[PDB]
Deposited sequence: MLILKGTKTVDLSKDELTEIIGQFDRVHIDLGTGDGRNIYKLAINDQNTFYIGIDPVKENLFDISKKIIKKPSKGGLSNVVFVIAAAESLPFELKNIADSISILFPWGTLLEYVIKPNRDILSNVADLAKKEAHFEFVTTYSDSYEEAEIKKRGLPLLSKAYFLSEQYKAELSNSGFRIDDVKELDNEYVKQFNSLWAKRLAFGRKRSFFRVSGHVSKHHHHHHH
């Protein structure tokens, strides 16, 4: 289940695999929001295939509409938007990504990261290949380096290598409206848990 314009269509494992073969790397942005972060990402890295996942199709309408245009007028070919929720990822995404990403999640995806939820998180790891990079940027440090958290994450397939506390400046490289509200909002701490699956 993917987004063509503001339309919902069907993509097979078949067609996905072809599209993918034309790119050196595949990247998943779970909880992608409005596609702006991905769009920026895709425009600069034409050798990475990008997949954004979000169950809320309406926030993607504008960019989904934009990526579908001609390349002369804003179109892109390295971007697909999947409409699925973290608690039921499509089978066609197993063992597919070189790097997975969960940026600024909220509601339940925030909790699945923070708690963490071993079962759901494990499905996210399942979307990843051999030694695929990962990245988790939450925001509301010592909690993330705890042993209970680090080992709750291993258990799911997520091996922590680095854990930085970040600030507003870091968030300026992102394009979503949400990320801008936070970048130029009040001073705040953003947390980044990166590593290999």
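J.: Show which contiguous pieces of the deposited sequence have no C-alpha coordinates, counting from residue 1.
T.: Unmodelled stretches: 1, 142 to 159, 217 to 225.
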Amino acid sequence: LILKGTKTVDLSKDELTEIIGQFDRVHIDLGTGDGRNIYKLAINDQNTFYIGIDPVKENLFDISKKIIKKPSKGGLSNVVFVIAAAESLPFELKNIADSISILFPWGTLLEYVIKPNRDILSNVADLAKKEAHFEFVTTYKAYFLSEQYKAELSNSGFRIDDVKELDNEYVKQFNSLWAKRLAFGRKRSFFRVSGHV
From here on, numbers count along this sequence of modelled residues.
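J.: Name the higher of the two by mean Cα B-factor in the PDB entry, 147 to 155 versus 52 to 60.
T.: Taking the mean B-factor of the alpha carbons in each, 147 to 155 is higher.
J.: Per the entry, where is the mean C-alpha temperature factor higher: 76 to 84 or 119 to 127?
T.: Per the PDB record, 119 to 127.
J.: Can you tell me which of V137, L30, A42, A132 has the maximum CA B-factor listed in the PDB entry?
T.: Of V137, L30, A42, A132, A132 has the highest C-alpha B-factor.
J.: Please say which third, lowest, middle or highest, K65 falls into when its CA temperature factor is compared across its chain.
T.: Middle third of the chain for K65's C-alpha B-factor.
J.: Which third of the chain holds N168 when residues are ordered by C-alpha B factor: lowest, middle or highest?
T.: For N168, whose C-alpha B-factor we compare with every modelled residue in the chain, the answer is the highest third.
J.: Split into thirds by Cα B-factor across the chain's modelled residues, where does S189 land: lowest, middle or highest?
T.: Its C-alpha B-factor belongs to the highest third of this chain's values.
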